[PDB]
Every structure is written in structure tokens, then in C-alpha cells.
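Engineer: So that you have it, the file is target21.cif, and it contains mmCIF, C-alpha atoms:
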data_entry
loop_
_atom_site.group_PDB
_atom_site.id
_atom_site.type_symbol
_atom_site.label_atom_id
_atom_site.label_comp_id
_atom_site.auth_asym_id
_atom_site.auth_seq_id
_atom_site.Cartn_x
_atom_site.Cartn_y
_atom_site.Cartn_z
ATOM 1 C CA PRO A 289 -100.056 105.929 -36.458
ATOM 2 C CA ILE A 290 -102.666 108.573 -37.280
ATOM 3 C CA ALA A 291 -104.954 110.734 -35.135
ATOM 4 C CA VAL A 292 -107.457 112.817 -37.118
ATOM 5 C CA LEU A 293 -108.983 115.905 -35.488
ATOM 6 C CA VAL A 294 -112.487 116.935 -36.586
ATOM 7 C CA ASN A 295 -115.068 119.454 -35.405
ATOM 8 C CA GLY A 296 -118.232 121.175 -36.610
ATOM 9 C CA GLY A 297 -116.327 123.009 -39.348
ATOM 10 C CA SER A 298 -115.437 119.978 -41.490
ATOM 11 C CA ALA A 299 -117.420 119.128 -44.614
ATOM 12 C CA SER A 300 -117.349 117.053 -47.815
ATOM 13 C CA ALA A 301 -113.802 115.868 -48.565
ATOM 14 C CA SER A 302 -112.616 116.409 -44.985
ATOM 15 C CA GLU A 303 -115.350 113.951 -43.952
ATOM 16 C CA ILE A 304 -114.327 111.334 -46.531
ATOM 17 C CA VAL A 305 -110.888 110.923 -44.965
ATOM 18 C CA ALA A 306 -112.312 111.153 -41.440
ATOM 19 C CA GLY A 307 -114.825 108.410 -42.264
ATOM 20 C CA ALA A 308 -112.878 106.065 -44.519
ATOM 21 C CA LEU A 309 -110.063 105.906 -41.965
ATOM 22 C CA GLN A 310 -112.489 105.348 -39.083
ATOM 23 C CA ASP A 311 -114.350 102.599 -40.957
ATOM 24 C CA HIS A 312 -111.010 100.943 -41.800
ATOM 25 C CA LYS A 313 -109.702 101.439 -38.228
ATOM 26 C CA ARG A 314 -106.699 103.259 -39.713
ATOM 27 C CA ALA A 315 -106.977 106.286 -37.402
ATOM 28 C CA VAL A 316 -108.595 107.640 -34.243
ATOM 29 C CA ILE A 317 -111.060 110.475 -34.829
ATOM 30 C CA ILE A 318 -110.940 113.038 -32.012
ATOM 31 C CA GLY A 319 -113.162 116.077 -31.577
ATOM 32 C CA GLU A 320 -116.847 116.890 -32.067
ATOM 33 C CA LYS A 321 -119.528 115.979 -34.587
ATOM 34 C CA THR A 322 -118.790 117.036 -38.159
ATOM 35 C CA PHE A 323 -120.802 119.397 -40.343
ATOM 36 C CA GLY A 324 -123.042 117.164 -42.443
ATOM 37 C CA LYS A 325 -121.992 117.359 -46.089
ATOM 38 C CA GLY A 326 -121.323 114.880 -48.876
ATOM 39 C CA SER A 327 -123.548 115.800 -51.819
ATOM 40 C CA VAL A 328 -122.207 116.776 -55.242
ATOM 41 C CA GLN A 329 -123.749 119.831 -56.919
ATOM 42 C CA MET A 330 -123.484 119.300 -60.671
ATOM 43 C CA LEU A 331 -123.789 122.448 -62.789
ATOM 44 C CA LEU A 332 -125.603 121.986 -66.098
ATOM 45 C CA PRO A 333 -126.923 124.653 -68.497
ATOM 46 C CA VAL A 334 -130.668 125.103 -68.961
ATOM 47 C CA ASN A 335 -131.227 128.397 -70.794
ATOM 48 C CA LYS A 336 -128.921 130.261 -73.169
ATOM 49 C CA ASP A 337 -127.335 132.224 -70.303
ATOM 50 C CA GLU A 338 -128.707 130.477 -67.190
ATOM 51 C CA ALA A 339 -128.151 127.133 -65.475
ATOM 52 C CA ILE A 340 -129.162 125.170 -62.373
ATOM 53 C CA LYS A 341 -127.041 123.846 -59.507
ATOM 54 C CA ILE A 342 -128.862 120.704 -58.368
ATOM 55 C CA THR A 343 -127.826 117.917 -56.017
ATOM 56 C CA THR A 344 -127.384 114.764 -58.097
ATOM 57 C CA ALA A 345 -125.672 112.062 -56.026
ATOM 58 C CA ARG A 346 -124.199 111.383 -52.601
ATOM 59 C CA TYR A 347 -121.217 109.218 -51.679
ATOM 60 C CA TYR A 348 -121.370 106.822 -48.704
ATOM 61 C CA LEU A 349 -118.519 105.752 -46.325
ATOM 62 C CA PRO A 350 -116.791 102.338 -46.631
ATOM 63 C CA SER A 351 -119.325 100.675 -44.307
ATOM 64 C CA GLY A 352 -122.373 101.787 -46.287
ATOM 65 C CA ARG A 353 -123.759 104.365 -43.864
ATOM 66 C CA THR A 354 -124.181 107.854 -45.342
ATOM 67 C CA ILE A 355 -122.692 111.196 -44.348
ATOM 68 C CA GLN A 356 -125.980 113.017 -45.023
ATOM 69 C CA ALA A 357 -126.914 114.170 -42.668
ATOM 70 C CA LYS A 358 -125.690 112.580 -39.447
ATOM 71 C CA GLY A 359 -121.986 113.194 -40.032
ATOM 72 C CA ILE A 360 -119.029 111.556 -38.308
ATOM 73 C CA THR A 361 -119.094 110.731 -34.599
ATOM 74 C CA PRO A 362 -115.544 110.888 -33.175
ATOM 75 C CA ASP A 363 -114.289 107.996 -31.080
ATOM 76 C CA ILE A 364 -113.024 110.392 -28.386
ATOM 77 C CA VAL A 365 -115.555 113.214 -28.041
ATOM 78 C CA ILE A 366 -114.044 116.369 -26.547
ATOM 79 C CA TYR A 367 -115.194 119.972 -26.951
ATOM 80 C CA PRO A 368 -112.652 122.801 -27.316
ATOM 81 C CA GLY A 369 -111.444 124.536 -24.187
ATOM 82 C CA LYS A 370 -108.478 125.528 -22.076
ATOM 83 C CA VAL A 371 -106.170 122.800 -20.782
ATOM 84 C CA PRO B 289 -105.751 96.588 -21.997
ATOM 85 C CA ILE B 290 -104.897 98.621 -18.900
ATOM 86 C CA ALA B 291 -104.809 102.336 -18.096
ATOM 87 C CA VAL B 292 -103.233 103.128 -14.725
ATOM 88 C CA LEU B 293 -103.934 106.392 -12.892
ATOM 89 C CA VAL B 294 -101.367 107.862 -10.494
ATOM 90 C CA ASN B 295 -101.195 111.053 -8.454
ATOM 91 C CA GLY B 296 -98.812 112.768 -6.041
ATOM 92 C CA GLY B 297 -100.406 110.830 -3.192
ATOM 93 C CA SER B 298 -99.145 107.430 -4.361
ATOM 94 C CA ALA B 299 -95.982 105.675 -3.183
ATOM 95 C CA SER B 300 -94.508 102.529 -1.634
ATOM 96 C CA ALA B 301 -95.844 99.767 -3.933
ATOM 97 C CA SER B 302 -98.219 102.220 -5.560
ATOM 98 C CA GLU B 303 -95.215 102.716 -7.863
ATOM 99 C CA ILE B 304 -94.271 99.033 -7.988
ATOM 100 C CA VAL B 305 -97.549 98.238 -9.743
ATOM 101 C CA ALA B 306 -97.395 101.402 -11.849
ATOM 102 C CA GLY B 307 -93.642 101.245 -12.424
ATOM 103 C CA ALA B 308 -93.492 97.587 -13.444
ATOM 104 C CA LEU B 309 -96.336 97.976 -15.940
ATOM 105 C CA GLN B 310 -94.749 101.108 -17.418
ATOM 106 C CA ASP B 311 -91.382 99.421 -17.991
ATOM 107 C CA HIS B 312 -93.029 96.315 -19.471
ATOM 108 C CA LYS B 313 -95.309 98.468 -21.675
ATOM 109 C CA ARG B 314 -98.351 96.762 -20.155
ATOM 110 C CA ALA B 315 -100.206 100.007 -19.396
ATOM 111 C CA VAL B 316 -100.307 103.757 -19.989
ATOM 112 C CA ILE B 317 -99.609 105.623 -16.749
ATOM 113 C CA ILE B 318 -101.815 108.723 -16.590
ATOM 114 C CA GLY B 319 -101.888 111.526 -14.041
ATOM 115 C CA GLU B 320 -99.282 113.577 -12.185
ATOM 116 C CA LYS B 321 -95.865 112.714 -10.797
ATOM 117 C CA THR B 322 -95.976 110.274 -7.902
ATOM 118 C CA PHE B 323 -94.558 110.984 -4.450
ATOM 119 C CA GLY B 324 -91.116 109.421 -4.764
ATOM 120 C CA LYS B 325 -90.824 106.980 -1.856
ATOM 121 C CA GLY B 326 -89.002 103.691 -2.338
ATOM 122 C CA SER B 327 -87.109 102.091 0.547
ATOM 123 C CA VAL B 328 -87.128 99.135 2.941
ATOM 124 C CA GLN B 329 -86.778 99.716 6.687
ATOM 125 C CA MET B 330 -85.960 97.058 9.276
ATOM 126 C CA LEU B 331 -85.524 97.002 13.023
ATOM 127 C CA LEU B 332 -82.192 95.251 13.566
ATOM 128 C CA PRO B 333 -81.481 94.675 17.288
ATOM 129 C CA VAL B 334 -78.137 96.136 18.355
ATOM 130 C CA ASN B 335 -78.157 95.811 22.166
ATOM 131 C CA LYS B 336 -79.973 93.784 24.825
ATOM 132 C CA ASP B 337 -83.195 95.796 24.497
ATOM 133 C CA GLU B 338 -82.144 98.623 22.157
ATOM 134 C CA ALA B 339 -82.510 98.525 18.380
ATOM 135 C CA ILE B 340 -82.079 100.813 15.381
ATOM 136 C CA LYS B 341 -84.402 101.358 12.415
ATOM 137 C CA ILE B 342 -82.105 101.897 9.424
ATOM 138 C CA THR B 343 -82.893 101.690 5.716
ATOM 139 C CA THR B 344 -80.674 99.222 3.865
ATOM 140 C CA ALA B 345 -82.151 98.489 0.429
ATOM 141 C CA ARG B 346 -84.492 100.056 -2.110
ATOM 142 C CA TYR B 347 -86.407 98.442 -4.966
ATOM 143 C CA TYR B 348 -85.384 99.424 -8.484
ATOM 144 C CA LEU B 349 -88.005 99.334 -11.299
ATOM 145 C CA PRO B 350 -87.795 96.449 -13.848
ATOM 146 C CA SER B 351 -85.545 98.723 -15.953
ATOM 147 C CA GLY B 352 -83.044 99.286 -13.117
ATOM 148 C CA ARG B 353 -83.767 102.959 -12.301
ATOM 149 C CA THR B 354 -84.847 103.958 -8.810
ATOM 150 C CA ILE B 355 -88.100 105.239 -7.282
ATOM 151 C CA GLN B 356 -86.468 107.225 -4.462
ATOM 152 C CA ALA B 357 -86.956 109.929 -5.009
ATOM 153 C CA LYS B 358 -87.648 110.566 -8.690
ATOM 154 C CA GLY B 359 -90.968 108.724 -8.627
ATOM 155 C CA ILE B 360 -92.998 107.674 -11.649
ATOM 156 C CA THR B 361 -93.398 110.136 -14.516
ATOM 157 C CA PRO B 362 -96.739 109.376 -16.217
ATOM 158 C CA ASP B 363 -96.811 108.962 -19.979
ATOM 159 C CA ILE B 364 -99.749 111.401 -20.091
ATOM 160 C CA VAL B 365 -99.579 114.363 -17.701
ATOM 161 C CA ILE B 366 -102.810 116.051 -16.589
ATOM 162 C CA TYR B 367 -104.133 117.788 -13.493
ATOM 163 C CA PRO B 368 -107.459 117.625 -11.630
ATOM 164 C CA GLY B 369 -110.245 119.764 -13.024
ATOM 165 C CA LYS B 370 -113.546 119.868 -14.862
ATOM 166 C CA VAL B 371 -113.472 118.760 -18.499
#
Show me this structure written as C-alpha cells.

Structural biologist:
Amino acid sequence: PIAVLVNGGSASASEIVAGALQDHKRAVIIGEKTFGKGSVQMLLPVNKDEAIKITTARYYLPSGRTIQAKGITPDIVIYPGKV
Amino acid sequence: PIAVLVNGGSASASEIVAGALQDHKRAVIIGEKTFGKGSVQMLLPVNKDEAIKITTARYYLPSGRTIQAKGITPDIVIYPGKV
């Protein structure tokens, strides 16, 4: 058994696991909505000493739905607080 | 699926339904510890018009443990409050 905890501070790779497991029903995502990330920033030179960091592609979760920019909705939504 | 809720104000076949499901893994008891009260009382006549009210037997949960006066310990323990 698995139980992944996510919140508004999770991005990119931490959303791939939290979304591939949820789409495969391999875990229960608990927490809040995740920080929308999931775009790769390829660095390529342009000038002799300067370059550009430009978004090139985005990767989508096993279903097909995209991380940008909705994020992951946990199955059991619960905000942080005292027990 | 089932999800039973119990509280310290439950007893006397409120722990037969909760206890039997818990021992058969048919539900997930949630709440606080129940008020331990398991016993059978009868009114055996002893004299012409005098009788005694004496407990003779209790009911033991499917496992074989007793309700009086341990009660039912929920699998998930929480207390009343605002989420």
C-alpha cells in the first residue's frame, strides 16, 4: 500500500509520481492542490556568450490530461492544521 | 463498503454491530472508545411474589473477547471538532 501526500509546494517530478500513481490507482493522494508545473526549459545557445531558456514541451499524465496548469486534485482533500 | 462510527455513548448491541463487523473485517470502526456495557439481565422468580434481577451471561465478540467493560477500540481514533 501507498499513500502519497501532496500540497501547494509540489512541482514537476513530484507531480509525475503523484499523478501516474493516481491514474493507475496505485496510491491515494492526500492533501491540497499541487503547484502547477510540468514544462521542460531547454537551454540552447543563441549568441557567442548568451542563450535563451524557452519552454519546449510538456509531459501529460497516464490518462492524457495535462499538469499545466490545473495540477493534481487529491482524492482526500484536507488542509493543514492542528489535530 | 462500510464505515462505522462509534462514540462513548454507544453500548448494548451498539457494539454487537460494530464489534462483529470489526472482527470480520467488514468495516472500519471510526470514532472514540465505546461505553463498555455487555451483559444480559433476567428476572428469575425466587419466592411466591419476590424475584431477583441477576446478570448471568455476557456476549463475547466473534473473536471471543468481551465487551464488558473494555468496549470497542476504533481502528481510527478521532474526537469531535471542526475540521

Engineer: So how many Å separate CA of residue 344 (chain A) and CA of residue 356 (chain A), to one decimal?

Structural biologist: 13.3 Å

Engineer: After a least-squares superposition on chain B over all sequentially paired C-alpha atoms, what is chain A as a PDB file with C-alpha atoms, keeping the file's coordinate frame?

Structural biologist:
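The resulting superposed36.pdb:
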ATOM      1  CA  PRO A 289    -106.273  96.717 -21.385  1.00  0.00           C
ATOM      2  CA  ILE A 290    -105.097  98.593 -18.290  1.00  0.00           C
ATOM      3  CA  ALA A 291    -104.939 102.289 -17.385  1.00  0.00           C
ATOM      4  CA  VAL A 292    -103.205 103.019 -14.068  1.00  0.00           C
ATOM      5  CA  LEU A 293    -103.935 106.311 -12.294  1.00  0.00           C
ATOM      6  CA  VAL A 294    -101.180 107.793 -10.112  1.00  0.00           C
ATOM      7  CA  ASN A 295    -100.631 111.081  -8.299  1.00  0.00           C
ATOM      8  CA  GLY A 296     -98.443 112.587  -5.584  1.00  0.00           C
ATOM      9  CA  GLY A 297     -99.959 110.308  -2.939  1.00  0.00           C
ATOM     10  CA  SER A 298     -98.566 107.000  -4.234  1.00  0.00           C
ATOM     11  CA  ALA A 299     -95.512 105.397  -2.647  1.00  0.00           C
ATOM     12  CA  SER A 300     -93.544 102.138  -2.402  1.00  0.00           C
ATOM     13  CA  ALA A 301     -95.652  99.205  -3.628  1.00  0.00           C
ATOM     14  CA  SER A 302     -98.058 101.441  -5.558  1.00  0.00           C
ATOM     15  CA  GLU A 303     -95.008 102.644  -7.515  1.00  0.00           C
ATOM     16  CA  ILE A 304     -93.773  99.113  -8.257  1.00  0.00           C
ATOM     17  CA  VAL A 305     -96.918  98.268 -10.217  1.00  0.00           C
ATOM     18  CA  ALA A 306     -97.020 101.725 -11.813  1.00  0.00           C
ATOM     19  CA  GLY A 307     -93.405 101.321 -12.947  1.00  0.00           C
ATOM     20  CA  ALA A 308     -93.162  97.649 -13.860  1.00  0.00           C
ATOM     21  CA  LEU A 309     -96.239  97.970 -16.074  1.00  0.00           C
ATOM     22  CA  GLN A 310     -94.939 101.160 -17.698  1.00  0.00           C
ATOM     23  CA  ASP A 311     -91.509  99.631 -18.355  1.00  0.00           C
ATOM     24  CA  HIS A 312     -93.196  96.545 -19.852  1.00  0.00           C
ATOM     25  CA  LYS A 313     -95.679  98.692 -21.838  1.00  0.00           C
ATOM     26  CA  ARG A 314     -98.503  96.748 -20.170  1.00  0.00           C
ATOM     27  CA  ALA A 315    -100.452  99.854 -19.105  1.00  0.00           C
ATOM     28  CA  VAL A 316    -100.800 103.608 -19.566  1.00  0.00           C
ATOM     29  CA  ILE A 317     -99.911 105.660 -16.491  1.00  0.00           C
ATOM     30  CA  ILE A 318    -102.136 108.736 -16.170  1.00  0.00           C
ATOM     31  CA  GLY A 319    -101.878 111.497 -13.586  1.00  0.00           C
ATOM     32  CA  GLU A 320     -99.074 113.434 -11.893  1.00  0.00           C
ATOM     33  CA  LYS A 321     -95.618 112.624 -10.563  1.00  0.00           C
ATOM     34  CA  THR A 322     -95.539 110.030  -7.791  1.00  0.00           C
ATOM     35  CA  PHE A 323     -94.272 110.464  -4.242  1.00  0.00           C
ATOM     36  CA  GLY A 324     -90.699 109.183  -4.284  1.00  0.00           C
ATOM     37  CA  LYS A 325     -90.448 106.012  -2.207  1.00  0.00           C
ATOM     38  CA  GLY A 326     -88.919 102.572  -2.646  1.00  0.00           C
ATOM     39  CA  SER A 327     -86.553 101.964   0.268  1.00  0.00           C
ATOM     40  CA  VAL A 328     -86.980  99.125   2.764  1.00  0.00           C
ATOM     41  CA  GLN A 329     -86.590  99.970   6.459  1.00  0.00           C
ATOM     42  CA  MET A 330     -85.322  96.839   8.195  1.00  0.00           C
ATOM     43  CA  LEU A 331     -85.845  96.738  11.964  1.00  0.00           C
ATOM     44  CA  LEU A 332     -83.049  95.069  13.927  1.00  0.00           C
ATOM     45  CA  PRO A 333     -82.422  95.103  17.698  1.00  0.00           C
ATOM     46  CA  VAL A 334     -79.408  96.941  19.105  1.00  0.00           C
ATOM     47  CA  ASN A 335     -79.885  97.246  22.873  1.00  0.00           C
ATOM     48  CA  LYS A 336     -81.864  95.034  25.244  1.00  0.00           C
ATOM     49  CA  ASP A 337     -85.028  97.117  24.762  1.00  0.00           C
ATOM     50  CA  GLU A 338     -84.113  99.425  21.853  1.00  0.00           C
ATOM     51  CA  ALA A 339     -83.571  99.014  18.115  1.00  0.00           C
ATOM     52  CA  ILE A 340     -82.848 101.032  14.969  1.00  0.00           C
ATOM     53  CA  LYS A 341     -84.914 101.472  11.806  1.00  0.00           C
ATOM     54  CA  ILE A 342     -82.327 101.984   9.061  1.00  0.00           C
ATOM     55  CA  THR A 343     -82.649 102.017   5.285  1.00  0.00           C
ATOM     56  CA  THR A 344     -80.852  98.942   3.951  1.00  0.00           C
ATOM     57  CA  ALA A 345     -81.676  98.443   0.265  1.00  0.00           C
ATOM     58  CA  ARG A 346     -83.697  99.908  -2.587  1.00  0.00           C
ATOM     59  CA  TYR A 347     -85.434  98.106  -5.444  1.00  0.00           C
ATOM     60  CA  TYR A 348     -85.170  99.394  -9.034  1.00  0.00           C
ATOM     61  CA  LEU A 349     -87.793  99.190 -11.864  1.00  0.00           C
ATOM     62  CA  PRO A 350     -87.513  96.633 -14.713  1.00  0.00           C
ATOM     63  CA  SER A 351     -85.424  99.012 -16.850  1.00  0.00           C
ATOM     64  CA  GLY A 352     -82.791  99.632 -14.180  1.00  0.00           C
ATOM     65  CA  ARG A 353     -83.659 103.226 -13.301  1.00  0.00           C
ATOM     66  CA  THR A 354     -84.456 103.801  -9.617  1.00  0.00           C
ATOM     67  CA  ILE A 355     -87.568 105.123  -7.901  1.00  0.00           C
ATOM     68  CA  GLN A 356     -85.499 107.129  -5.394  1.00  0.00           C
ATOM     69  CA  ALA A 357     -86.049 109.842  -5.683  1.00  0.00           C
ATOM     70  CA  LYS A 358     -87.372 110.912  -9.075  1.00  0.00           C
ATOM     71  CA  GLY A 359     -90.504 108.761  -9.025  1.00  0.00           C
ATOM     72  CA  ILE A 360     -92.732 107.782 -11.936  1.00  0.00           C
ATOM     73  CA  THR A 361     -93.517 110.215 -14.748  1.00  0.00           C
ATOM     74  CA  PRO A 362     -96.972 109.441 -16.204  1.00  0.00           C
ATOM     75  CA  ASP A 363     -97.340 109.124 -19.958  1.00  0.00           C
ATOM     76  CA  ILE A 364    -100.386 111.431 -19.934  1.00  0.00           C
ATOM     77  CA  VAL A 365     -99.744 114.200 -17.403  1.00  0.00           C
ATOM     78  CA  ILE A 366    -102.950 115.802 -16.131  1.00  0.00           C
ATOM     79  CA  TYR A 367    -103.558 117.606 -12.838  1.00  0.00           C
ATOM     80  CA  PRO A 368    -106.845 117.151 -10.944  1.00  0.00           C
ATOM     81  CA  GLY A 369    -109.679 119.536 -11.680  1.00  0.00           C
ATOM     82  CA  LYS A 370    -113.272 119.926 -12.766  1.00  0.00           C
ATOM     83  CA  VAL A 371    -114.316 118.524 -16.141  1.00  0.00           C
TER      84      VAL A 371
END

Engineer: Give me, as a Markdown table, the closest atom pair and its distance (Å, one decimal) for every residue of chain B within a cut-off of 12 Å of chain A, counting only C-alpha atoms, rows sorted by chain and rising number.

Structural biologist:
| residue | atom | partner | partner_atom | distance |
| --- | --- | --- | --- | --- |
| B:365 | CA | A:371 | CA | 11.1 |
| B:366 | CA | A:371 | CA | 8.6 |
| B:367 | CA | A:371 | CA | 9.1 |
| B:368 | CA | A:371 | CA | 10.6 |
| B:369 | CA | A:371 | CA | 9.3 |
| B:370 | CA | A:371 | CA | 9.9 |
| B:371 | CA | A:369 | CA | 8.4 |

Engineer: Which residue out of B:300, B:335, B:295, B:310 has the minimum interatomic distance to residue 322 (chain B) when only C-alpha atoms are used?

Structural biologist: B:295

Engineer: Which residues would end up in the selection if the PyMOL selection byres ((chain B and resi 289) around 9) were applied here, given that I need the answer as a list in words?

Structural biologist: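 This file gives the following for the PyMOL selection byres ((chain B and resi 289) around 9): residues 290, 291, 314 and 315 of chain B.
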
Engineer: Got a sec to resolve the PyMOL selection byres ((chain A and resi 324) around 8) on this structure and send the residues as a list in words?

Structural biologist: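 Selection result, ordered by chain and number: residues 299, 300, 322, 323, 325, 326, 355, 356, 357, 358 and 359 of chain A.
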
Engineer: Just the number, please: distance in Å from CA of residue 343 (chain A) to CA of residue 307 (chain A), one decimal.

Structural biologist: 21.2 Å

Engineer: Between CA of residue 313 (chain A) and CA of residue 349 (chain A), what is the spacing in Å?

Structural biologist: 12.7 Å

Engineer: So, with all atoms listed in the file as the atoms that count, which of A:301, A:311, A:294, A:337 lies closest to residue 353 (chain A)?

Structural biologist: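 For residue 353 (chain A), the nearest of the candidates is A:311.
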
Engineer: Report the residues retrieved by the PyMOL selection byres ((chain A and resi 347) around 9) from the displayed file, expressed as a VMD selection string.

Structural biologist: chain A and resid 304 326 to 328 345 to 346 348 to 349 354 to 355

Engineer: Excluding residue 341 (chain B) and residues on its chain fewer than 4 positions from it, collect all residues at most 10 Å away from it, counting only C-alpha atoms, and give them as a list in words.

Structural biologist: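 Non-adjacent residues within range: residues 329, 330, 331, 332 and 333 of chain B.
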
Engineer: Nearest to residue 318 (chain B) among B:305, B:360, B:293, B:351, with distances taken over all atoms listed in the file: which residue is it?

Structural biologist: B:293

Engineer: Ranking A:340, A:297, A:334, A:303 by minimum distance to residue 317 (chain A) and counting only C-alpha atoms, which one comes first?

Structural biologist: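 The shortest atom-to-atom distance to residue 317 (chain A) comes from A:303.
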